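Residue numbers (PDB author numbering), protein chains in the order written: chain DX, 29 to 169; chain CS, 31 to 172; chain DW, 10 to 170; chain DY, 10 to 163; chain Ck, 730 to 843; chain DV, 24 to 183; chain Ci, 11 to 175; chain DB, 1131 to 1181; chain CJ, 702 to 817. Ideal Cβ positions, reconstructed from N, Cα and C, are used throughout, including at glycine.
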Amino acid sequence: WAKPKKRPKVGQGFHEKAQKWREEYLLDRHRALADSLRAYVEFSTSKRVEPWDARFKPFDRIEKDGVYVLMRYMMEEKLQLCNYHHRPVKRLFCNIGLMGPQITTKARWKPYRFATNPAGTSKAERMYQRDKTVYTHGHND
Amino acid sequence: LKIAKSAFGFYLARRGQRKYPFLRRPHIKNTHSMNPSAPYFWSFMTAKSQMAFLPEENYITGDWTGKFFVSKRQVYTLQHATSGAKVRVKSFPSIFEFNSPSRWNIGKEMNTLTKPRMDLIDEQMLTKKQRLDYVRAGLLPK
Amino acid sequence: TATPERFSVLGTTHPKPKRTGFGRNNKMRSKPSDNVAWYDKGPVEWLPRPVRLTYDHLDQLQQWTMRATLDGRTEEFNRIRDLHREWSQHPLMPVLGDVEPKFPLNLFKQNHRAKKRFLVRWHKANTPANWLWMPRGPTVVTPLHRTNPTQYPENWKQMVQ
Amino acid sequence: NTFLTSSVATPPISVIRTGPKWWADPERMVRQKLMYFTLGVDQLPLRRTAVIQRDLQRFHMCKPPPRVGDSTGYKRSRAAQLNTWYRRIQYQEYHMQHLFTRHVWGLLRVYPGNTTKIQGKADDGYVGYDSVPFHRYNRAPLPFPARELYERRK
Amino acid sequence: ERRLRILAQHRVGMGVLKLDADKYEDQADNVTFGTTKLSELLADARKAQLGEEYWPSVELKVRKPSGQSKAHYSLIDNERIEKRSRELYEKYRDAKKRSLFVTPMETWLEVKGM
Amino acid sequence: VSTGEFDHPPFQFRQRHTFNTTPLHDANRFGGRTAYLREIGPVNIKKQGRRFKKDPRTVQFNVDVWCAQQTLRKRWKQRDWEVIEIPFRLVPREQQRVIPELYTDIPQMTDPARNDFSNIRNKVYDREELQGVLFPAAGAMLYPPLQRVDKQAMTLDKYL
Amino acid sequence: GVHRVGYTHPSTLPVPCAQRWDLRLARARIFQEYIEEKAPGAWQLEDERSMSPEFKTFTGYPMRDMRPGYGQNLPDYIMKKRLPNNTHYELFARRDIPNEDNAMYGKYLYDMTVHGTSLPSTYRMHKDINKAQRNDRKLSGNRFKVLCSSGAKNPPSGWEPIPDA
Amino acid sequence: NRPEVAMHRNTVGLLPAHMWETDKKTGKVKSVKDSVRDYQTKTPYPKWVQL
Amino acid sequence: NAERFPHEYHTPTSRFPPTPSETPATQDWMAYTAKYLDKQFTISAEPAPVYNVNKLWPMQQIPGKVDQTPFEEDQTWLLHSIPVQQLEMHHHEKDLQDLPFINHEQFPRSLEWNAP
RNA sequence: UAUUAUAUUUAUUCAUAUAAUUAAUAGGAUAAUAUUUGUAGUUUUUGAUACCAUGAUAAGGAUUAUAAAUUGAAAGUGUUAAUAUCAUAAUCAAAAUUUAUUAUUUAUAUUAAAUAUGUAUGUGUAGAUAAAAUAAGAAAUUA
Ligand SMILES: [Mg+2]
Ligand SMILES: [Mg+2]
C-alpha cells in the first residue's frame, strides 16, 4: 500500500480531439450500420447449403429414396421458400411428421458456422472469406 | 490504487485481479455499450420491450434553470435531430456533443452513440513508463 | 450526417499490429508438432487418436454380423480372423537389462514440458510395426489359433469323411 | 460415431497408467470384450490385461515387499523385467482395441473423429468439418461439404 | 365436504382446514380477517346442499381406446375402400405408363396448387 | 433411479478431446443443447465473450430447466388417458367417496376391504366400460365390448 | 396437441354437475387470485431438484419456478413480492450505526443525567489534552481556526489578551 | 426480424436503399445521405397527441 | 405492422413457448383423415364424450383459449423458441435475502421452527 | 542397516473504480387536569485531512508416522491507541484499460426482462513456467 501518485493533467486541445474523434466515429458507424443491415437482410433473403449432415442417416440414403423422396414430392416448395436456412428447415421437418421423432435424435445436422455457407459453396475456406467489415455476427455472406 | 484518477484512488484497493459475483462489479463501466450489431440493433443494450415508455431522463421533471449535460441513458428522439438544440453527454475527458444530427441515431440510448474507450490516446496523460507499456502492446508508435 | 469526404481524427491513429503467431501469448509458430499422426505405419495411425466404442455401435455390429451370416458371406470374417491372428500373439518375456528409458533428472525442472515431450517422442518412434517383442510374421507358429479359412466351421462339409 | 472433432493423442503408457480409472474401468473393458466376442474372435489379450489389472487393484493399498540390498541388483532387474513384460502385454491390447475399433467402424459406415485412419477407406487421416479449413497434417485444402467414405444407400 | 376441499386446495391437510391470516400488521385484525375468509369459504362450499348442479365433478382417468378397439380402425369403411382401391389401381396402372414413379398425389391425395 | 447426468461439469483448465475427456460444451452433452452455452474458438478474454456462458450458477440453472423438460416430456408420453369430469352418480363404486387433493393426505388405497390396495390417483378406467356413461346419445355402442380371457379354460398353457 | 380448451355448461349435460373450472372461479373470488391469461399450457415444469426425493436437495416445495426470462422488472413479479418494510433491512437501518449507544439514547441526555455534564468523545478529549501539554512548552507552531471568525476579528470592547513571552 | 425465429422472413423491401449510396462493383454501402434536412413527416408525435 | 414480426414485439406479459394458430381438423386422426386424406370417410371425428375432457391436466386453463399440451417429442422442445437464462436470476421472496452467499436473516430462529 | 516409494499425471493468450460542508437533548388515547399547543441566550479556537503524524491479526510444505488422532506455521500483509500545525476531495447508480500475483465457453441445434462485451480459424505447435501423493486407484537411488 503506497500513496497513489497524482495523475498528470489532461492535455491541451485534447478536448477538441476527443470531440472530433467520437463525432466521426459515430458518423462512420452510421454507414457501418447501414451496410451491415444490408448484409444481414441480403443473407436472410439468399439461399444456403443444405443444413443436414449427409454422412449419417436418414440422409446418406441415395437421393432417389427415403427422406429425399419425402422432400422432393411433399416438402420441396416449403424448403425453397425458407432458403434452406437451418432453423426453419429443421422446423419444417418436425412439422412434416412423416419422419417424426427422428429429426433431433437419429439425424445429424451440420454445425452452425458450416450450415450458414451460401449455396454453391465448394471449399471449406469459404467460412473465412466472408466480409469482416460488417457487423452481422456471422449472419452475413 | 496505484494512480489516483479521482478521489477514490486514495480510498480503494485493487486486490489484484479479483473475481466478483456474476454481474456485480462494484463500478459500472460499460465498455461494451457501443458494440455494433445489425441483427440485434433493437435488442442490444436497449429496452427489453418496445412497449416500455422512455426513461425518466427524457423529460423535464421539475422547475429547472437548465442542465449542463443530459444523462447517457436518455434516448435519442426525432426532436434531438430536428430541433437543433444543444445535446451534450458526459464522457471523458469532458463532454461529447451531438452536433451532426442523423436519423440513424433515433430510438437508441446515447450510451450506444458514445464510444467509451476511444482508439485515440493522449500521450500527455501518460507517464513515460505508461507510454512504454502502450508501445509494448502495439498501440502507440515508437 | 451525410458521410464526409475526409475523416480528420478517425484514421489518424496508429494501426494495431497483426499477430505474428498462435497459441499461448500469440508467440507459437505453425510447424509440425508431436500431436501429428503418421499414416505410413501399420493400420492404425500413430499415435492413435482417441476412439469411443459405444453400445450403439455394438448393436449395429450385431446386426451386420447377422445379416452377413445369413447371406453366407464368409470373407470379412476371414479378414477379421486374420488381423486378430496376426496381432494377438503372446508377447515374449524381455531379457534382463531391457527396460523403457526414463527421462534424465537434473536436465530440466520437474514441472517442465520436456518431460512429456520425451515420452511422446519415444512412443512415436516405436510404432507397433517396430515392436519386436511381439512375434508376428509368416515364420511364427501359432498353437492357439486356426491357420486358414479351410479350418473354420463354415467349411465343415470338406471336413466330413 | 458422435465425437467428430480433432483430438489430442496420448502416449500408450500414460493411457495405461490410468489403471482402474479408465484403461481398466470394468465398464469399458466389458464392451471391448463385447466387440471381440461378437466378431467371433477370442479375446486373449483383453483377458491377460484384465488379469494383471484385477490383481493390481486388489493389492493397490499394500506396501511393497521389504528390499534387502544387493551388489548383483538381480532383484531390481527381475522386478523391472516383469514390469516391462506387463507393460507390453498391455500395449498389445491397447493396439488391438484401436485396431479393431477402426476396422469395425469401417464396416458400420461410421465416420471417425477428425484426423483418423481407417485402413481400407481413409488412408491419410479422415477429416470433415474441422475448425481449421485445411487437412491438418497433409496441409491440403478441405472440400465442402464433408468428404464421404461410403456409397450412398443405407 | 368435497366442495370445501376443492375450493380450499392446499389449505386442507390431514382432514384439517387451516387458514393462515397474515394480511394485517396486528394479530387482532388477522383473527377478524381469518374468521371472515372462513365463513365466506363455508358459505360457498355449502352450495352443495342446493342441488346436484353444485356437487363437484369426479375426475376419472379414462384410458384411450384399447388395442382391441383400435384394431377396428383398419376396417372402418371396408367396402367403400376396397371398391375404391380397384378404381385407384386402374388410375395407377394408367399413370405408370407415362412416368417412372407414381405418387399418391397423382392418385387419391389432394394438394391444392394455388 | 436414473443414470443420466443432471449436473453441468465445473469450469477448469480447458478440457480437450482426448481418450477419457471431452470439451466442456461439446455437442454430445445434454443432447446437443450445449449449443446454447457455447462461445466458440480461442476466445480473447479482454475484448470478447458472453459472461453468462461461463457462469456456474446461471449455466447450471439452464441445464436444470432442460432436465425438467426431459422429465415432463417423458411423463406425458407415459399417459394413455385423459381426465374426464364425470358427475358423481355415474361413477364406479370406488370413486363414490371423498378423494383428498394431491399431497393433502396420505397416499390413498382404492379399496382395502375388497383386497385392492393401489393409488386411487393412478387408477385408470377403460373407455369401453364407461361407454354407456360417456356417450349416452349414440344408441348403439360405438366401441365394441372388451373380450376377456377365461382363466378356467383349458388352453395351451394348462398343458391341454 | 394444439386444441381449444373447452367447457360444458352443466345445464347441457345429461346430469347436472359442477364443472371444475367453475369451482376454480369460485376459488379465485374467495382468495383473490390473479388468473394469468397468457400462461402457456405446455410449460408445466416441476422443479426437479427440490421436488424429487432423489436429490439431496429436497425440500418438498417448488423453491424456484423454472422460467428462464423471469425478472424483477415484470408486473407479475411485482404483484407477488415481499416489500422491504419491516424486514431485516429496517433492522439494519436502525441498529447498525457508528456509535452503538446512540441507538439507545441521546448522548447529551445520558451524560447530563449520569455525569453532571456533556462529555466530549474520547478522540476529542485526546486532542484537547495534547494541546494542553504541548502548549505548555512550545508556543506558536499553532493556528487560529474557528467556525465563525467575527468573534476574533472584532472582539468585544473589553478583551485585552494578556501579552505572552 | 432477429435471427432466432423469423429471420428467413426478412424482405429486401425493408432496406431503405434510397437513403444510402452503394458501390457498383462490391455491392457495398459506401456513404449515407443526410437524413434530417429533407425529412417530411405528418407525425412528429403520434396522431392522437395535441399539445 | 407488428404481427408480421413475431419475435420483435414482446410485451412484458407475454410468455414462451408461443402458441401456434389453430388448425381445423387436427384434434384426432379420424377428423384429420376425414378432412384432408380421404374425404368420403364416414366418421367425421372420434367419439366425443359428452362430459368435459381436460387435456392439460392437472393444469386448469381458461375455456375457449387456444392452447398447447406439454410436448412428448424431444425435438419439439429443442427446436421451439424457448430462451436460456442470461441475466442474473430473481425470485420474488428470495430476493430479500440477497444472494445465496449473503443470506440475510432478520432473526436467528431455528430453520426448523414451526409456526403455531 | 532395521521403524519401507519424487520421476508419475494434468496444466500456462488474464483486462476492469466515481460529480466536496462529520458538532445537542426534547416523552401524546383507555394516566386525578403543566399550551412544557409551538421547550428560540450567534460569535476563542487549531491533527487522522488531499498531509508528516509509533504499536496490532496475512501469506509462505521439508523429518514427534498410525492409534481410540487434522496436510497449514509467530516473527507480520492498506484501514486499529500519546510525534500533529498546506488544503471540505468518498459510492445513493448507469462512469476513463498498464496493472507482477489471473484456471474462460474450441464446431449437430447459439441474445426474452436491471444493460451485460466484435473478437485471435491457423500442424495441441518457441523460450520459460503452474499444480497434486488427503475417497481414492502412482511404488524403490536419505541426512
Ligand atoms: Mg503492520
Ligand atoms: Mg460527503
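Where residue i falls: helix, strand or coil (DSSP)
| i | result |
| --- | --- |
| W96(DW) | helix |
| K69(DV) | coil |
| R1167(DB) | coil |
| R59(Ci) | helix |
| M1149(DB) | helix |
| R15(DW) | coil |
| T44(DV) | strand |
| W140(DW) | coil |
| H708(CJ) | coil |
| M99(DX) | helix |
| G742(Ck) | strand |
| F86(DW) | helix |
| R76(DX) | strand |
| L62(DW) | coil |
| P785(Ck) | strand |
| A824(Ck) | helix |
| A62(DX) | helix |
| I107(Ci) | coil |
Interface residues of chain DW facing residue i [CB-CB closer than 9 Å]
| i | result |
| --- | --- |
| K1163(DB) | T10, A11, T12 |
Distance between beta carbons of residue j and residue i, contact taken as under 8 Å
| i | j | result |
| --- | --- | --- |
| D63(DX) | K163(DY) | At roughly 45 Å, the Cβ-Cβ gap does not stay under 8 Å, so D63(DX) and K163(DY) are not in contact. |
| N753(CJ) | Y17(Ci) | 6 Å |
| residue 913(Ck) | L746(Ck) | One cannot answer for residue 913(Ck) here, as it falls past the ends of chain Ck, which runs 730 to 843. |
| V1142(DB) | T73(DX) | 6 Å |
| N755(CJ) | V82(DV) | At roughly 37 Å, the Cβ-Cβ gap does not stay under 8 Å, so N755(CJ) and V82(DV) are not in contact. |
| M76(Ci) | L101(Ci) | At roughly 32 Å, the Cβ-Cβ gap does not stay under 8 Å, so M76(Ci) and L101(Ci) are not in contact. |
| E117(DV) | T94(DV) | That pair is no contact at about 29 Å. |
| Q41(DY) | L62(DW) | 7 Å |
| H13(Ci) | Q761(CJ) | So it is not a contact: roughly 15 Å between Cβ atoms. |
Within chain Ci, the residues that residue i reaches when beta carbons sit closer than 8 Å
| i | result |
| --- | --- |
| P785(Ck) | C27, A28, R30, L33 |
| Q92(DV) | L55 |
Partners in chain DW for residue i, counting only beta-carbon separations shorter than 8 Å
| i | result |
| --- | --- |
| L61(DX) | What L61(DX) touches in chain DW: nothing, since even the nearest Cβ is about 12 Å away. |
Contacts of residue i in chain CJ (Cβ-Cβ under 9 Å)
| i | result |
| --- | --- |
| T81(DV) | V785, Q786, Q787, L788, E789, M790 |
Neighbour list for residue i in chain DX, Cβ cutoff strictly below 8 Å
| i | result |
| --- | --- |
| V18(DW) | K45, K48, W49, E52 |
Chain-ordered neighbours of residue i on chain DY, where CB pairs are closer than 7 Å
| i | result |
| --- | --- |
| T45(DV) | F12 |
Under 7 Å by beta carbon: chain DX residues contacting residue i
| i | result |
| --- | --- |
| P1133(DB) | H167 |
Residues that residue i contacts on chain DB, provided the C-beta gap is smaller than 9 Å
| i | result |
| --- | --- |
| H711(CJ) | The contacting residues do not exist; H711(CJ) stays about 11 Å from chain DB at best. |
Contacts of residue i in chain CJ (Cβ-Cβ under 8 Å)
| i | result |
| --- | --- |
| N83(Ci) | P713 |
4 or more residues per run - each alpha helix (DSSP H) lying fully within the stretch 12 to 75 of chain DY: Listed in chain order, they are 21 to 25, 35 to 48, 53 to 67.
Just list the beta strand (DSSP E) runs in the stretch 101 to 152 of chain DV, keeping only unbroken ones of 3 residues or longer that don't cross its boundaries, in chain order. For the beta strand (DSSP E) assignment, the uninterrupted runs of no fewer than 3 residues enclosed by the stretch 101 to 152 of chain DV are, from N- to C-terminal side, 105 to 109, 132 to 134, 139 to 142.
Secondary structure, alpha helix (DSSP H): runs of 4+ residues fully inside the stretch 129 to 172 of chain CS: Counting only runs of 4 or more, we get 158 to 166.
Please list the segments of the alpha helix (DSSP H) lying wholly inside the stretch 99 to 157 of chain DW, counting only runs of 4 or more residues, in order along the chain. DSSP runs (the alpha helix (DSSP H)) wholly in the stretch 99 to 157 of chain DW: 123 to 134.
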